[PDB]
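Here's the structure, in structure tokens; my notes come after.
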Amino acid sequence: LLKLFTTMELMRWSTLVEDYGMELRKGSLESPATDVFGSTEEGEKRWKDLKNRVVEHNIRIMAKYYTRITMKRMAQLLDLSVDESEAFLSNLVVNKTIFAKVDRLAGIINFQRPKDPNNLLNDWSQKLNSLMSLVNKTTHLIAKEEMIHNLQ
Amino acid sequence: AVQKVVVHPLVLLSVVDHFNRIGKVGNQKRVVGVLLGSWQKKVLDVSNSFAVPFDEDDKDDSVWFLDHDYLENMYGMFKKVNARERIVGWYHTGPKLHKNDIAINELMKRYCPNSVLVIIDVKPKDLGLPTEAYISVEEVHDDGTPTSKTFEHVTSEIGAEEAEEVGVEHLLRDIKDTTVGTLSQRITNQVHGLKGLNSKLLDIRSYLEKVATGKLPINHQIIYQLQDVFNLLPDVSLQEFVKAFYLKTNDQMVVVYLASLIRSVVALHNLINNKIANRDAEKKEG
Amino acid sequence: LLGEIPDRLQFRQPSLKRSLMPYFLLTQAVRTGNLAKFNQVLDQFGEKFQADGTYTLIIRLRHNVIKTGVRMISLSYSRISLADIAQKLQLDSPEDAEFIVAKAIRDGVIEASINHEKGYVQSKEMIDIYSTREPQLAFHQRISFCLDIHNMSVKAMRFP
Amino acid sequence: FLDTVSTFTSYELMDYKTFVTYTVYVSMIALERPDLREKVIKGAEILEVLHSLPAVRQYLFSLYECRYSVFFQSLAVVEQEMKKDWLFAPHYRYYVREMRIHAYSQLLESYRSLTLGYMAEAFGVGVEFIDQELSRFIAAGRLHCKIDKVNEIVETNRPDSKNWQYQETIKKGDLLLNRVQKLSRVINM
Amino acid sequence: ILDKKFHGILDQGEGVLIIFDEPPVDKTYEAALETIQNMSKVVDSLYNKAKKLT
């Protein structure tokens, strides 16, 4: 349960079914699998809702790593057809949880970033941030220069 | 505990004027005194201090004495005039530290939980913002030595105060301030390459010396670690700017555009108005 | 002779009008690529040109107008076929059109590629001139022009 | 002409309905599309007189409807009044293609890539007519655009928001600063 | 796009509608339009110029 929530990455959804398919036979207490998987009409909704947990948690980490992705690569990553991806692309984007630009002609799609007008942050994080580590060299270098030259 | 210290030119002079005190009578060692710190927060500040007669024998390299009758009653003096001022540690002019300096701090820890020592310099030479600061902790060691007491460098910075710049900043009178925006930033650039790349060569020659001799320091590992943080861009042949190439000139995009746009209308303000007022006086006079 | 000119009556004066009438319709036939209209201007208005001594250009201005006519079409279209521009500019033949476009590339006038089978000419939009390139590089001559006038104003100010 | 009915009808104002025709024919060029529909719809006294004429009111709303099939018909009806009316003889020549570019402005702004066969639909049917027509618009500086020939593609463009829009500074500023260069050498002498 | 209610552009061949709000106008009209006014500064000063000289 918590393993999918922390650090994410990827796992075959059937392997999660292998673990959560034994909870029907597990027990002792079958009541957790009763209210959930015991009811047919309530389970099928929560089964597809369980899909919404595993497929969107990929979209959450993938939105951080894009950049870009091909449409065919998303199918093997989400472990379903490209059409089910388009359905998961439509229902997640109307919730506006992740901004996405989807081009179906060439298959190249991506999650964010908004068109890259950015100018300041490109130059500022370059000059300010990175060079601060570059100008801090001699600061702590003479600190360690005292360390090595006092003993040796 | 103590992260950074603030050393005023007034208290630093209290070490320098005592260099005239015992400098004329000599003989060996240096100027040493007890430091009065002002601690309002984790950042340390120093306002005043009192210099005490001190000597360190050579032979006998481990021998040192403060005068503690000078330390006790004179504290009640400065405490009576200034309640906030208290002793945070000691100081000396160095220039370097002999091994005996381990025992000076541990003795006065009865006065302050952690006594910060300040190495100062009476004759400014190199390489930059002067003096120095150390803090007394125990890191032991990785090799398994008995518990090792070694002073860790504390970054020192000069700071100002109200009413103290009256006589101090008056006597110079020869400085040009600044001028911010034209010469101020560019002189730094010529020095940023000088002072930036000289320590680059001084250390890279000592880092090559490691393999040769002087090993340890291994270091380890701090040397290459932050050097690899410097390695986000090397920048080596050639500049690896293929992504930053169009962005290079694109940062100069508007800077050149405005410089082209401002100088056009600034001229229209300078050229027109000059011609107007000139011919009004020039030709109407004769 | 530049190839780019507007109608010159914007420079006309009521006193200069009567004198420029034979020279007026001339440039009006330069904006068009018709030979029958251009040759009729030379026949009737050639008498006024005798006093100016400008006959040197009339032989090379025919080659100038055909560059203006093709520039009008090449700037108005992405692709321009040699057979469609043949009679539209009335070059009348495919072979001399291959000679003109060849010399047009030699003079840097046209960027058009040509696919020779019958043949035809297939061009494409020229771009990448963009922003960061031409304006800021031209501004080097603009400011150097302006900063010299700053000295011209100071020099003129020093005399009084 | 914004005064409209405040002048009412006078011996020197002739027929006010004809004065409505005079102001409506200039209002399809000078009065921009956002303000074109505004003055007629939001304007009270001017709206009743245009609804009385079905020919003018049609062409007004059809201009906002953007259909190009009824333009060449209705614009000729306006041109008939423009031909048979005095003082409009010198001024109808530029009026013709100025209402075309007014309809063609919104046209090419719609799509970045447009096929002229799709324009043949609306024009009914432009094939070689708009070939030389739209070409003679670009050469005169009206609606700069790139229309591909035999490839049946129109390209939009031209991004005037950045580059060419800068050129008004220095170009008008050249003869400006030149005028004060020469006149600077005059002082003194 | 003409009514400004929608900012974007279509694709007729491949059938993909692209929306871009990108192309701002900020620095430019704030420059050239002020220079057009500066044309009235010199022309109106041309009266002062020619009057004092001759």
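Should a chain be cited, it is by its letter among A, B, C, D and E, assigned in written order, with residues numbered from 1 in that chain.
The definition used in the following text is that a residue touches a chain if its C-beta (ideal position, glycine included) is under 8 Å from a C-beta of that chain, and two chains touch if they have at least 3 such contacts.
These are the chains along with the protein names UniProt gives them: B = 26S proteasome non-ATPase regulatory subunit 7.
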Central chain (by mean CA position): E
Of C-D and B-D, pair with higher C-beta contact tally: C-D
Centre distance in Å when subunit B and subunit D are each reduced to the mean of their C-alpha atoms: 71
Chain centre separation in whole Å, for subunit D relative to subunit C (CA means): 28
Inter-chain centre distance, subunit B versus subunit C - centres from mean C-alpha coordinates, in Å: 68
Euclidean distance of C-alpha centroids - subunit A vs subunit E, Å: 44
Where subunit E touches two or more other chains, by residue: 11, 31, 35, 38, 42, 53
Shared interface positions of subunit B, touching two or more other chains: 250, 257, 261, 264, 267-268, 271-272, 275, 278-279, 282-283
Sites on subunit A at which at least two other chains make contact: none
All pairs of touching chains, each written as two labels joined by a dash: A-B, A-E, B-C, B-D, B-E, C-D, D-E
Subunit D residues within the subunit C interface of the complex: 134-135, 138-139, 146-151, 153, 155, 162-163, 166, 170, 177, 181, 184-185, 187-188
Residue numbers on subunit B that touch subunit E, as the complex places them: 254, 257, 261, 264-265, 268, 272, 276, 279-280, 283-284
Subunit D residues within the subunit E interface of the complex: 33, 66, 106, 109-115, 118, 159, 161-162, 165-169, 172-173, 176, 179-180, 183, 186-187
Contact set on subunit B toward subunit A in their complex: 96-97, 127-128, 132, 153, 155, 192, 195-196, 199-200, 203, 206, 214, 216-217, 219, 222-223, 226, 229-230, 232-233, 247, 250-251
Complex contact set, residues of subunit C against subunit D: 72-73, 75-81, 84, 125, 130-131, 134-135, 142, 146, 149, 152-153, 156, 159-160
